[PDB]
């Protein structure tokens, strides 16, 4: 009741990153970003402490065809962490196994690609194969496509699940692929927004395919979830999260 909460997370700019330093860092001090700021603010408000640990398999979390979970979702299921502090998408399938705080950020799935394509929608992607496309493996975006019954997205998932190379390990690998190949990444929109201010030859293709939130993950029936939710709620009324988003998204202009 006073012990430090175990926080599971993974590296994802600009939510969670290794901060820069000449010396070798350790413990919580290794980390910085939007999600680290949020965590600090919550811990201040609620008077708790924590130890940050990186999820070993580097995954957000998905269920294989035998109902077995992995990634951060699994860490929460097994109660190996008290919180998942990351851009962890709140979804219907995940809510069957774990709980989430109220949403701290709104986003939707869209498309990341190089500038200068006739392609202007998911429809255009789905009806060709010249431009390859995919998504991060074992996260919310993959799961969305795998479960969709909308024809366009059904065809896209038919393609994705057929190409072994098409699913990337993480956003970073995906972004690198869009820069070095004829490849479009299905990516969440807040990240696209951050990436396209920095890599000036990349852009969002089309609009948002859905609308959903990020939440702090907890094991189902966690005693910390509600107070975190209330803490988040108050930060939001004074627009603290908006400000915090600006701090980590602001910067690099484009020609």
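Under this definition, the rigid core comprises the largest set of C-alpha atoms superposing within 1.5 Å between the forms. Residue numbers count along the first chain shown, from 1.
Between 32 to 40 and 65 to 73, the larger mean CA deviation from the shown form in 6 other deposited structures of this protein, after core superposition, belongs to 65 to 73. Put simply, when the other structures in 6 other deposited structures of this protein are lined up on the rigid core, the C-alpha atoms of 157 to 165 lie farther off than those of the other stretch, from 105 to 113 and 157 to 165.
Across the other PDB entries of this protein whose models span the neighbouring residues, residue 255 is modelled without exception, so it is unmodelled in far fewer than a third. In this entry, 146 to 154 has the higher mean Cα B-factor, the comparison being between 95 to 103 and 146 to 154. Higher mean CA temperature factor between 104 to 112 and 160 to 168: 160 to 168, per the PDB entry.
Of the residues listed, 179, 72, 140, 135, the entry assigns the biggest Cα temperature factor to 179. In the PDB entry, residue 24 places in the middle third of its chain by CA B-factor.
Among the modelled residues of the chain, residue 193 sits in the middle third by CA temperature factor in this PDB entry. In the PDB entry, residue 126 places in the highest third of its chain by CA B-factor. In the deposited entry, the Cα temperature factor of residue 57 sits in the bottom third of values across the chain's modelled residues.
Among the modelled residues of its chain, residue 213 has a C-alpha B-factor that falls in the lowest third according to the deposited record.
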